[PDB]
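Since the structure comes first, as structure tokens, the remarks are kept for the end.
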Amino acid sequence: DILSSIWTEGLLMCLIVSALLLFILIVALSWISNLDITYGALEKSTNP
Amino acid sequence: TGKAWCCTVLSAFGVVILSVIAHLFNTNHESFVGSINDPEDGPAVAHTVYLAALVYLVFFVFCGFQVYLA
Amino acid sequence: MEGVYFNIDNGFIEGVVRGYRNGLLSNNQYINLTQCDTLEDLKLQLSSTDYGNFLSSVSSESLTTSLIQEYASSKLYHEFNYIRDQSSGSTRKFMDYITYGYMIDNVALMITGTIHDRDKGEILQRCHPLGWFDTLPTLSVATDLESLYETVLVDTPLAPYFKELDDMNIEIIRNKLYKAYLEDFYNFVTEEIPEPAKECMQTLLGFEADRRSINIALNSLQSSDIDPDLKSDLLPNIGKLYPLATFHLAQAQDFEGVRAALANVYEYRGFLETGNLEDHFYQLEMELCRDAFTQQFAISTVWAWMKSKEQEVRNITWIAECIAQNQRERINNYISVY
Amino acid sequence: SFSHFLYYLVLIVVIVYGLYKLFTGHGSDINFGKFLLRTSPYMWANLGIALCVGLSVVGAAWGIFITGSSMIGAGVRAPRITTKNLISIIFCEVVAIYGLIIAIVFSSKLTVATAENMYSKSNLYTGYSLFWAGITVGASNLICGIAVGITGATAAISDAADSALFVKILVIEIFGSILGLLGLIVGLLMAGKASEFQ
Amino acid sequence: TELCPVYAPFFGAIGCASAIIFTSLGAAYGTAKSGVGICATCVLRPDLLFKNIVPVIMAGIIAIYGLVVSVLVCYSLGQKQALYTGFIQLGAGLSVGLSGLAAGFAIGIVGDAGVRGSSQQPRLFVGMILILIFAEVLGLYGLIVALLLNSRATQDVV
Amino acid sequence: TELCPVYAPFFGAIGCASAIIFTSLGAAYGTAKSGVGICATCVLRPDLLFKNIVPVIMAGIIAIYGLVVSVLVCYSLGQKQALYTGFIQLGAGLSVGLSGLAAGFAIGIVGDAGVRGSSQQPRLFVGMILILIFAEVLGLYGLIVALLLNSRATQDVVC
Amino acid sequence: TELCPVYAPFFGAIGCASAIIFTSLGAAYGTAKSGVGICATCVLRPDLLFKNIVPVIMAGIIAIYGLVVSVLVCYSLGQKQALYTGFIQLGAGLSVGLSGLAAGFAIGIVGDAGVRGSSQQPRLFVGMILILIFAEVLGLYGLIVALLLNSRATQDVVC
Amino acid sequence: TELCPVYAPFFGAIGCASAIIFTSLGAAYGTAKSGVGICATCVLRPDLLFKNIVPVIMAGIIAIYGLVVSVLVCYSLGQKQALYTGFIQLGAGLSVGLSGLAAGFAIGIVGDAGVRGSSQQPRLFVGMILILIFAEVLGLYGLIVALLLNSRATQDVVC
Amino acid sequence: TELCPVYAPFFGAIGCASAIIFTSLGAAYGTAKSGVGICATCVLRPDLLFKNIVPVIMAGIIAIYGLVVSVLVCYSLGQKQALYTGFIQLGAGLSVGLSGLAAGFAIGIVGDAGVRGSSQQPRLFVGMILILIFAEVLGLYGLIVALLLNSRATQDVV
Amino acid sequence: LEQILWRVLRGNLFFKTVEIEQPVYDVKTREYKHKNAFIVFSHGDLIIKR
Amino acid sequence: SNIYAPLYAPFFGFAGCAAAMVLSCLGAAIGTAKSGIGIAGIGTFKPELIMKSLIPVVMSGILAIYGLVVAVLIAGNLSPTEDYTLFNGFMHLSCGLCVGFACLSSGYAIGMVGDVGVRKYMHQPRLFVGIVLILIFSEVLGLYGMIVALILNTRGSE
Amino acid sequence: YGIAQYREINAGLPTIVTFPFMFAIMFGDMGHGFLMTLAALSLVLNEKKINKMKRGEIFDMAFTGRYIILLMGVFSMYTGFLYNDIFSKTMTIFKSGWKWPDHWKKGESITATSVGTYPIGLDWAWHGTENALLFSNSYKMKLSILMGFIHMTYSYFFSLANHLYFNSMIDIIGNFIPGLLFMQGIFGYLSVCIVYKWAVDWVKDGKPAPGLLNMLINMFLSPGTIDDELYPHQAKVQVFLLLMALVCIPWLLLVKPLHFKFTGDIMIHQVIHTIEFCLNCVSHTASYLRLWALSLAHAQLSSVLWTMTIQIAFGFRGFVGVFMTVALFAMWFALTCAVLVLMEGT
């Protein structure tokens, strides 16, 4: 009455938790990779 | 320049702290040689730390003379 | 949804630009300006608005309408520069694209002054602060389009838009640059600007393209060197006139043909059948910019505010002209929507 | 794109695997019921609690940065708006308060079940109940926080434009906050009859 | 065993990792966004530099909360721990990490906006501080839930 | 065995790889962003070169954290190690590596911004240094967590 | 049974659904795009309103192909039907539905272009109809394949 | 039972859900697009408002198709129903829902374009209505297929 | 029945569907893009309308290829067909369908370009015809592969 | 200047620049700007004046 | 025990509760926030006196009321001591999916129509009846979803 | 933050002690406390020399807060002594309260026996143990809660004295008393429960040591039921405290506005005030956990800076050992000043 000899409930719980955690990590990395520096407030304007 | 004063401060702190550490190693203090991972040498580490403290003393004397001269 | 991700990078920018929009002169403030009879009184009333003491450095006798326009425009330029300095990513690109039109203006101004043998320093001082680039003063070296393109314009952001000079040739080059720039800016909005601002900016750029297309169609009639093949090279391909009415105007030789082409579009009929053509375009631009301010999480607000302040400076300068020159019957002929 | 390529590849793999299992007479080998029965109720309960509080805080912080960025932008010309536009920040906070309260109430149910009663009717019920009530509270709170933050951004803008326009958008904010309250209530009702693990 | 399978420490170890990692990502987003705002502000207003550092410190407290939870669930880890215990530590790590991630993102966005606004309007500094306090108590709430779970981790586990 | 399966060193090897991989990713991002800023500003201000190099150094220290944790996990790997040891090594590797990736992101962004700003504002350099220390301790927290985990890796662990 | 498993009607029901679903999607795309073209063109030329309606009619005919195949599959659908019958019904539904989806794409695109061009060139109407016939026969081929399959679905089928 | 598993009602429940879900999505899209067009056009010509309400009514009828099929499947749903009955209910729900989704997208797009045009051309109203009826019959065909399926759901079905 | 399983007709039916589905998709793309080109050029040059219809005919022939293979596979389908026959039918369907999809893509692109260019250069018509023949021959190769494969489907099959 | 001279001369550029050690005050911008002494070689009078 | 009431059926019943309430809140929030963007757009242009502009927001909230009602009715039938059948769990999952997705669609439509048309029926009261009628047609989608959910709940309990 | 109202109690006078001491709780290291004390002493002893001197901004800030830095450093030395922490190391001033087993083998796990209590500070037996953080986290978490409770109570009694000075007895009855009873009967009860559980020997008595978090949560969720009994008659006292705290919310929300109406905007003002106070009474107690959070982070940073760098040098000998010690001390001191004193200090 087991799920699988490979896809056990223990492995499936580990994989589901890993997938949720990796999804949170991927969303957070998509957020943090969208950080762009507002240049122009740092660069010197060459306009006379 | 401020380099001499900074080195003087760091070297005085080095003398004080490394002298305290060398003494604690020589007396086989609990916090320093108590653990298995801590050095087994004890006084042999104390000698090395004393030599380091003396090096920092030489640096301290040199930089303190320089800052007064400059 | 528009408000979900907009405020990550543009919440502060959009709040500041909306404060700027709150700074636009209302109808009552315009009426108070109109009631003025001296330029000093105009300065007094205009100090009760967000223009404030922008003329305080100018003495009462030195006050001229050119000075009023220059200082109001300078206030506009500093506000735009501050907003662009806080921008990053696609918003920075959007405001750079906003500056590209002023870059085209500066290029045409530099070449016009060069072929007219105006002083180089005078032309540089007269260049638009927005749309400045480092190699702009180098445009005085030649009066040849190829020479200036290889010398200067190939390194400018206007380089993609170029794919001896006289007044008509400079006009043609400037309008080709505008056509290419409007198409590129429309494409940039379509691909990189989120949906509410995307639609608003597409509408606004399409209106600008339509205004230019109708101007070119109506002004090519009074010219003989503007070949029907050249008119196609000047009419932008992004507006509501494209491609039907754009094709019709590219072939027209009479005013009635242009008017029949403009009867195609339900947006621009009546522009040619009554009033002044430029009044209709100014009123429509202010109506569109007023509508763009009804969108809360759109970066098109920057463009709408920019155009509204340009119109506001035009209105204030007109009121200053109808104060200086007397002419108080025409003092109310300004476009106001706020 | 790449992400859409993975979505299509995963869908294709799932369909091919399901069809292979079905055709070979082993369709029941993909046993979601057995997976739910044999999975720890503790995983479901703890995921429910953690997702409840975490998603509630995500929505609260989400709406806080929306409202706050708009308030600070609108305060450059109208610094007066800040004091009463903090009500929007409070409305976004109350969302995370909901999530925290639900997390506490649900963690009160996280007792240790006996080995032979780990997968009983009541324990499986409690695991499913805490999982789904935590997701309900957390997702309703995330949605409510985002919505309340959007409305507080519009409220800050309207307040800066005109002082009189703030109260109407504040009423819209109250209507937004009702959503997080309803998520709270439903999460409490879903776990209302869930016993602690025994 | 049934109550202590071999993979039970996986959830505790990955909860510890999540607690530190998600809070560090939130704190890094906060530090980066607020710091870009600070650098942009302090080109023309360097006198507001150390006054504008506040969002960076309130971003750091998020990573400190994650570190606290990681220390707790690390000291609760064990080779033969119960699945109950491992999922408790996973829940603590996930709760604090996701809360700190959200709080740090909000701190970054709000601190960037507010250092810029306070550059333009000094009255906005207090409002920005208040909003950042509200954003920081969210990481605090995640920490509190993690503390509750960690306290309950040692209950009756055999 | 049950407590020490044959695949238990897989998680340890993945953790040892992850430590250095993600700290090097964060260090690479910090180095690249800060270096673009440095090469931008030091065309006009070559005198500020060894002064702007500081974010690059702290980005490198991120990878040093990762290398330390990788070595410590590597020397605790074994063929018959427990699955708990593998989980601990994986958790330590992910801790230091992803915290260092976050710290490298913050260091790259802040170093770029502050190197560019300090070219126009000399007073901004001390602020950059402070913000960059605050970014560096994000990876140092992950180093702490990884070191604690690794200290517990083979503690009270049986075959 | 073995030749008639319990899940065999699933494929037939999915085929019956997919016939109408995908032909409706193609018909909807064709109708929407052609209708946008028609509404654009007939603002100025309402006299062409009922000439320009033919791409919309042809997308509707695509949907009618899908409806025909769906009805035929539905009436050959039973609880103890063969797995082969279910496979054939799924194949008929997929063939007609996705051929009608492609045909509807072509109907919408070509009809939009042709109603927009025919408002300017009255001679272009015949060309529009010719290209629209060529697009419609795609859904026709899908229908033919679906009817042939459906005719083979319960013929020589046992158990 | 082999023919009536305990999970057999899952397919019928998903069919009912799909009937509501996709017809509601289609109706919502149709109503939203058509209403945006209606409001954009009534800013100048308010008297045409009740004339432009037609695409919103078409979208509502699509939603009513979905509701009808869902109610019918609900009243066909049972604890001990056949797996074939569940497959039939799933097919019915999918057909009505996704055909009505396609119809609703066509209705939204066509109704937007048509109200925009009718604000300019009063004669284009009948053309809009004709194209809208053609977009409506897509949802109607989905409805018809769903009703035929639901009529065969429990017809000669062994427990 | 070991080598003629119950699910063997699944691959044959999927291949029969795929043949016509993908050749219809390629024919639809070719017809749509070529017809857009035709309607764009026939506004000013309606005289070239029946010359420009050629790419639409080539796309239609692609769809006919798919229909031919679908009919042949359909008539080789059986309840107790071999799994090898089903694999071969799936391969033939995929061959003709995806080859004709590629051919229709090429036909659409090239026919659009050629109808737009032939209105400006009459002598470009023969060049467009040659390129369209080359595009069509791709779907013809797919059809040849499908026909040979379908010929192998029931040859020496138990 | 080097980029512009390269483009106008279509390659074929012999350009030398030498750093000036001390910054020189400029009245136009009121800034102590670093300067470089440059030399560029060409033959035709037209290209010299350009 | 009973095959028709396995112990995992509450998972699907609670999934129904969650779907109902979360998707209804999502629709209600979409409607409320997008309509509120419309209301704010009315601001600083045509600030009214009597608040008929809150109709889209009120109906968005009614969507969340629908979801609340269905979720409460489902959670009433879920008990750890009562024989919860798998059929009941699937029925409750259908209740939740039905009402939640219908309310999500209603909220999308209400948000769109409110944002676009609250300005246009506050500017001119003639459009009020028509825009309110469009909003009613947007609201009845969620009403249909709730009706189906109520029927499904009744069927699943009996 | 703001200028005091005319004649209300000045916050700066309590701040003189509370701000440096809260800092010290979060900066509890005798080594870094001594370093920052030395910096402040250099500032204050040369005070007249540094006066009438051009300082700038950082030097000016350090000089203006020289006494702030002095008290922060002195209190940080005291709190590091209490934590028994100096540069991540411990003092061995007094006899330990823990006796290790008489004999054990190399690498054996040994558990100490409580033979007394350390006079002042954390017992140095905890240094180097594998459960040191387990004990110190409980200690510092409860310490944060207790010190925050005392600070909040002191400030709220300042509100009392303000009410007495301005003779607003209505504020005492309807704003001070309900809030004091709420805050005490919940969190002062929690604090006294922490202290009492510390005072009771549960192992010796054989009673189970109650979880105070569980106790507090069940006090509200499950009134009248006690899982582990902290003290006799716990259920009755807890239900009385819960009813008192619950009553205090209508008390605050009504007694003042009803006094106005029965003897307007005061109603909504008081409702907002009561909501804010009730949220604050819990959120601020929670917020004082940052004391423990930053103390933990500071101690872990000190440990990682010591174990890295300087500790590695102690395992080498010869000239290589001496040079390595010099370089690693320089590195350790630089990172101590830049990370511990500068980052963690700020």
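Chain lettering (A, B, ...) mirrors the order of the structure tokens, residue numbering begins at 1 for each chain separately, and ligand numbering begins at 1 in order of display.
In this comparison, chain E was overlaid on chain I using all C-alpha atoms paired by position, and the resulting RMSD is 0.5 Å.
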Fewer than 5 positions away in the same chain doesn't count, so skip those; otherwise give me all residues within 9 Å of region 25-40 of chain C, counting only C-alpha atoms, as an mmCIF file with N, CA, C and O atoms, in the first residue's frame.
```cif
data_model
loop_
_atom_site.group_PDB
_atom_site.id
_atom_site.type_symbol
_atom_site.label_atom_id
_atom_site.label_comp_id
_atom_site.auth_asym_id
_atom_site.auth_seq_id
_atom_site.Cartn_x
_atom_site.Cartn_y
_atom_site.Cartn_z
ATOM 1 N N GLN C 45 0.781 88.067 -10.446
ATOM 2 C CA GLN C 45 -0.188 86.973 -10.445
ATOM 3 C C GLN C 45 0.475 85.620 -10.626
ATOM 4 O O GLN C 45 0.056 84.638 -10.008
ATOM 5 N N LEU C 46 1.491 85.547 -11.470
ATOM 6 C CA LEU C 46 2.152 84.291 -11.755
ATOM 7 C C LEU C 46 2.975 83.808 -10.572
ATOM 8 O O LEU C 46 3.291 82.619 -10.495
ATOM 9 N N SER C 48 1.673 83.859 -7.628
ATOM 10 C CA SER C 48 0.674 83.205 -6.798
ATOM 11 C C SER C 48 0.398 81.776 -7.237
ATOM 12 O O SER C 48 -0.439 81.103 -6.630
ATOM 13 N N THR C 49 1.073 81.308 -8.276
ATOM 14 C CA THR C 49 0.991 79.947 -8.778
ATOM 15 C C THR C 49 2.269 79.202 -8.411
ATOM 16 O O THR C 49 3.131 79.717 -7.696
ATOM 17 N N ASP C 50 2.398 77.968 -8.905
ATOM 18 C CA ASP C 50 3.621 77.222 -8.634
ATOM 19 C C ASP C 50 4.822 77.741 -9.405
ATOM 20 O O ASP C 50 5.937 77.278 -9.149
ATOM 21 N N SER C 60 11.876 94.900 -12.669
ATOM 22 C CA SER C 60 10.601 95.273 -13.273
ATOM 23 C C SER C 60 10.785 95.801 -14.690
ATOM 24 O O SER C 60 10.004 95.467 -15.588
ATOM 25 N N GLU C 61 11.802 96.635 -14.911
ATOM 26 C CA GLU C 61 12.000 97.224 -16.230
ATOM 27 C C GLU C 61 12.597 96.235 -17.222
ATOM 28 O O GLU C 61 12.335 96.337 -18.424
ATOM 29 N N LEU C 63 11.826 93.193 -17.530
ATOM 30 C CA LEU C 63 10.893 92.108 -17.794
ATOM 31 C C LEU C 63 10.361 92.189 -19.217
ATOM 32 O O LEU C 63 9.759 93.190 -19.612
ATOM 33 N N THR C 64 10.584 91.128 -19.986
ATOM 34 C CA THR C 64 10.079 91.021 -21.346
ATOM 35 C C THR C 64 9.396 89.674 -21.505
ATOM 36 O O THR C 64 9.595 88.759 -20.705
ATOM 37 N N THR C 65 8.571 89.565 -22.546
ATOM 38 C CA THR C 65 7.859 88.317 -22.797
ATOM 39 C C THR C 65 8.826 87.189 -23.127
ATOM 40 O O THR C 65 8.588 86.031 -22.763
ATOM 41 N N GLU C 312 1.340 75.231 -21.511
ATOM 42 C CA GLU C 312 1.160 76.254 -20.490
ATOM 43 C C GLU C 312 2.115 77.415 -20.706
ATOM 44 O O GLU C 312 1.750 78.579 -20.528
ATOM 45 N N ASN C 315 0.751 79.381 -23.510
ATOM 46 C CA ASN C 315 -0.378 80.200 -23.082
ATOM 47 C C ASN C 315 0.090 81.426 -22.318
ATOM 48 O O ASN C 315 -0.405 82.535 -22.535
ATOM 49 N N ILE C 316 1.035 81.238 -21.399
ATOM 50 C CA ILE C 316 1.514 82.349 -20.586
ATOM 51 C C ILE C 316 2.271 83.343 -21.449
ATOM 52 O O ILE C 316 2.172 84.557 -21.259
ATOM 53 N N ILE C 319 -0.306 85.326 -23.322
ATOM 54 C CA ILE C 319 -0.909 86.320 -22.444
ATOM 55 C C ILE C 319 0.061 87.470 -22.213
ATOM 56 O O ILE C 319 -0.332 88.640 -22.166
ATOM 57 N N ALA C 320 1.349 87.160 -22.096
ATOM 58 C CA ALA C 320 2.358 88.200 -21.976
ATOM 59 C C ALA C 320 2.424 89.055 -23.235
ATOM 60 O O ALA C 320 2.680 90.260 -23.161
ATOM 61 N N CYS C 322 -0.155 89.597 -25.299
ATOM 62 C CA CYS C 322 -1.392 90.363 -25.277
ATOM 63 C C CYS C 322 -1.477 91.303 -24.088
ATOM 64 O O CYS C 322 -2.503 91.956 -23.894
ATOM 65 N N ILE C 323 -0.460 91.323 -23.240
ATOM 66 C CA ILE C 323 -0.287 92.380 -22.264
ATOM 67 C C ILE C 323 0.691 93.437 -22.761
ATOM 68 O O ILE C 323 0.418 94.635 -22.664
ATOM 69 N N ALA C 324 1.819 93.008 -23.326
ATOM 70 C CA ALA C 324 2.826 93.949 -23.796
ATOM 71 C C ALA C 324 2.335 94.730 -25.006
ATOM 72 O O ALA C 324 2.447 95.959 -25.055
ATOM 73 N N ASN C 326 -0.572 95.464 -25.980
ATOM 74 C CA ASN C 326 -2.002 95.662 -25.795
ATOM 75 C C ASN C 326 -2.673 94.433 -26.386
ATOM 76 O O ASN C 326 -2.338 93.321 -25.988
ATOM 77 N N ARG C 328 -5.754 93.137 -26.195
ATOM 78 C CA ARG C 328 -6.456 92.379 -25.172
ATOM 79 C C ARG C 328 -7.695 91.668 -25.696
ATOM 80 O O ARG C 328 -8.391 91.020 -24.909
ATOM 81 N N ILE C 331 -6.431 87.971 -25.982
ATOM 82 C CA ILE C 331 -5.739 87.495 -24.793
ATOM 83 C C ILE C 331 -6.290 86.155 -24.327
ATOM 84 O O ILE C 331 -5.597 85.397 -23.642
ATOM 85 N N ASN C 332 -7.526 85.833 -24.691
ATOM 86 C CA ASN C 332 -8.168 84.602 -24.263
ATOM 87 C C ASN C 332 -7.974 83.463 -25.250
ATOM 88 O O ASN C 332 -8.549 82.389 -25.055
ATOM 89 N N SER C 336 -6.635 75.783 -22.630
ATOM 90 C CA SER C 336 -6.601 75.402 -21.228
ATOM 91 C C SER C 336 -7.593 74.272 -21.004
ATOM 92 O O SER C 336 -8.724 74.329 -21.491
ATOM 93 N N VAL C 337 -7.164 73.239 -20.279
ATOM 94 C CA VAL C 337 -8.025 72.092 -20.007
ATOM 95 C C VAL C 337 -7.998 71.741 -18.524
ATOM 96 O O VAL C 337 -8.844 70.982 -18.042
ATOM 97 N N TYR C 338 -7.036 72.288 -17.793
ATOM 98 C CA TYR C 338 -6.928 72.017 -16.365
ATOM 99 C C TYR C 338 -7.534 73.153 -15.558
ATOM 100 O O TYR C 338 -7.884 74.192 -16.114
#
```
Notebook entry, point to check: What residues in chain D have any atom no more than 12 Å from chain H when counting only C-alpha atoms, and can you write them as a PyMOL selection string?
Noted result: chain D and resi 28+31-33
Save the residues we just selected, N, CA, C and O atoms, as a tab-separated table (two decimals), in the first residue's frame?
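Writing done, so here's selection_5.tsv:
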```
chain	number	residue	atom	x	y	z
D	28	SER	N	-3.84	4.00	-11.89
D	28	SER	CA	-4.00	4.20	-10.46
D	28	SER	C	-2.67	4.33	-9.73
D	28	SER	O	-2.67	4.67	-8.54
D	31	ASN	N	-1.48	8.02	-7.70
D	31	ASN	CA	-2.48	7.94	-6.65
D	31	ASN	C	-2.38	9.22	-5.83
D	31	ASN	O	-1.59	9.31	-4.90
D	32	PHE	N	-3.19	10.22	-6.19
D	32	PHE	CA	-3.21	11.45	-5.41
D	32	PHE	C	-3.84	11.22	-4.04
D	32	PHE	O	-3.43	11.84	-3.06
D	33	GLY	N	-4.84	10.34	-3.96
D	33	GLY	CA	-5.43	10.03	-2.67
D	33	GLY	C	-4.46	9.38	-1.72
D	33	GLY	O	-4.38	9.74	-0.55
```
For residue 53 (chain K), work out the shell of residues within 8 Å, counting only C-alpha atoms and skipping chain neighbours fewer than 5 positions away, then give it as a tab-separated table (two decimals) with N, CA, C and O atoms, in the first residue's frame.
```
chain	number	residue	atom	x	y	z
K	39	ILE	N	-12.04	56.11	-9.94
K	39	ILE	CA	-12.57	57.13	-9.04
K	39	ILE	C	-11.53	58.22	-8.82
K	39	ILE	O	-11.85	59.41	-8.82
K	118	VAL	N	-16.97	55.11	-14.78
K	118	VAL	CA	-17.40	55.93	-13.65
K	118	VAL	C	-17.11	57.39	-13.93
K	118	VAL	O	-17.91	58.28	-13.60
K	122	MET	N	-20.17	60.06	-14.12
K	122	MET	CA	-20.12	61.21	-13.24
K	122	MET	C	-20.07	62.52	-14.01
K	122	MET	O	-20.63	63.52	-13.56
```
Next item on the list: List the neighbours of region 103-114 of chain D out to 6 Å using only C-alpha atoms; skip same-chain residues closer than 4 positions along the sequence, and give me the result as a ChimeraX atom specification.
Entry: /D:49,53,118,196-198
Checklist line | chain A contacts on chain C, only C-alpha atoms, 7 Å, as a ChimeraX atom specification | finding: /C:85-89,129,132,134
Those same residues - N, CA, C and O atoms - I'd like them written as a compact mmCIF listing (two decimals), in the first residue's frame.
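The file below, again_25.txt, is the result:
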```
# COMPACT_ATOMS: atom_id res chain seq x y z
N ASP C 85 16.50 62.13 -13.67
CA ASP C 85 17.58 61.68 -12.80
C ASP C 85 17.14 60.62 -11.81
O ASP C 85 17.97 59.84 -11.34
N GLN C 86 15.85 60.59 -11.46
CA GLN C 86 15.31 59.56 -10.59
C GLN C 86 14.85 58.33 -11.35
O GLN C 86 14.34 57.39 -10.73
N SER C 87 15.00 58.31 -12.67
CA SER C 87 14.51 57.24 -13.51
C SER C 87 15.58 56.18 -13.75
O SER C 87 16.78 56.48 -13.80
N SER C 88 15.14 54.95 -13.92
CA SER C 88 16.02 53.84 -14.25
C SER C 88 15.26 52.87 -15.14
O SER C 88 14.03 52.88 -15.20
N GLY C 89 16.01 52.03 -15.84
CA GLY C 89 15.41 50.95 -16.60
C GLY C 89 14.63 51.45 -17.80
O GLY C 89 15.15 52.19 -18.64
N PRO C 129 18.03 72.78 -23.73
CA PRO C 129 18.77 72.03 -22.70
C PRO C 129 18.46 70.55 -22.73
O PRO C 129 19.36 69.71 -22.62
N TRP C 132 20.24 67.90 -25.40
CA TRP C 132 21.64 68.24 -25.58
C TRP C 132 22.47 66.98 -25.64
O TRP C 132 22.21 66.00 -24.93
N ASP C 134 26.90 65.82 -26.27
CA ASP C 134 28.24 66.39 -26.13
C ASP C 134 28.78 66.90 -27.46
O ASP C 134 29.42 67.95 -27.52
```
Next item on the list: Do a neighbour search on region 6-8 of chain J at 8 Å with only C-alpha atoms, toss out local chain neighbours closer than 4 positions, and write the hits as number ranges by chain.
Entry: C: 147, 150-151; J: 2, 12-13
Next item on the list: Please run DSSP on the backbone and report, as a ChimeraX atom specification, all residues within region 1-152 of chain F that come out as helix (DSSP H, G or I).
Entry: /F:8-41,46-52,54-74,83-120,124-151
Next item on the list: List the neighbours of residue 41 (chain D) out to 8 Å using only C-alpha atoms; skip same-chain residues closer than 5 positions along the sequence, and give me the result as a list in words.
Entry: residues 118, 119, 123, 124, 126, 127 and 128 of chain D
Checklist line | Shell of 9 Å around residue 124 (chain G), only C-alpha atoms, local chain residues under 6 positions omitted, as a PyMOL selection string | finding: (chain G and resi 114-115+117-118) or (chain I and resi 38-39+42-43+46+49)
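In this comparison, which uses only C-alpha atoms, the residue of A:3, A:29, A:16, A:24 approaching chain D most closely is A:3.
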